[PDB]
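Presented below is the structure to which this report refers.
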């Protein structure tokens, strides 16, 4: 339960599932079938939680918003989404203050 190494950044990829806002219960829920929702859910609101935690502030520069994890906390299913242990600790403290990912080809 201690803070991990840079691998913490990679553990953010371990999270799996497609989260979407259902108008039936009126909440943001996670499913594994994108085909499950018809016209009751906006497809733009359906996003893989893997990339949902990444907030692009530039083109190729994304910042990890750990507050996104609180939305997963609403679901309360840690094993279902597969939240890494580095992610569990990241909710509290961090090695990298904000996990930043950027790729350039210049």
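Residue numbers (the UniProt record's numbering): 1 to 106. We put the beta carbon where it would ideally sit given N, CA and C, even for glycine.
- Message: Spatial neighbours of residue 47 within its chain, please: C-beta separation below 8 Å, excluding the five flanking residues on both sides.
- Response: Taking the chain shown and counting its residues from 1, one reaches residue 47 at position 47. Excluding positions up to five away in sequence, the list reads 18, 19 and 20.
- Message: Counting only beta-carbon separations shorter than 7 Å, does residue 17 have a partner in chain B?
- Response: In the structure shown, chain B cannot be found, because there is only a single protein chain.
- What's the gap between the Cα of residue 2 and the Cα of residue 39? Here residue 2 refers to the residue found at position 2 of the chain shown. Here residue 39 refers to the residue found at position 39 of the chain shown. Rounded to whole angstroms, residue 2 to residue 39 spans 44 Å at the Cα level.
- Query: Is the beta carbon of residue 50 sitting closer than 7 Å to the one on residue 63?
  - Reply: As a position in the chain shown, residue 50 is number 50, starting the count at 1. As a position in the chain shown, residue 63 is number 63, starting the count at 1. Not closer than 7 Å, so no.
- Which stretch, first to last residue, makes up the beta strand (DSSP E) that contains residue 64? What you label residue 64 is simply residue 64 of the chain shown in a count that begins at 1. Unbroken beta strand (DSSP E) run through residue 64: 61–64.
- Reduced DSSP category for residue 119 - H, G, I as helix; E, B as strand; rest coil: A question about residue 119 goes unanswered here, because the residues of the chain that appear run from 1 up to 106.
- Closest by C-alpha distance to residue 58, when choosing among 5, 100, 8 and 9: Within the chain shown, residue 58 is the residue found at index 58, counting from 1. Checking every option, the nearest Cα to that of residue 58 belongs to 100.
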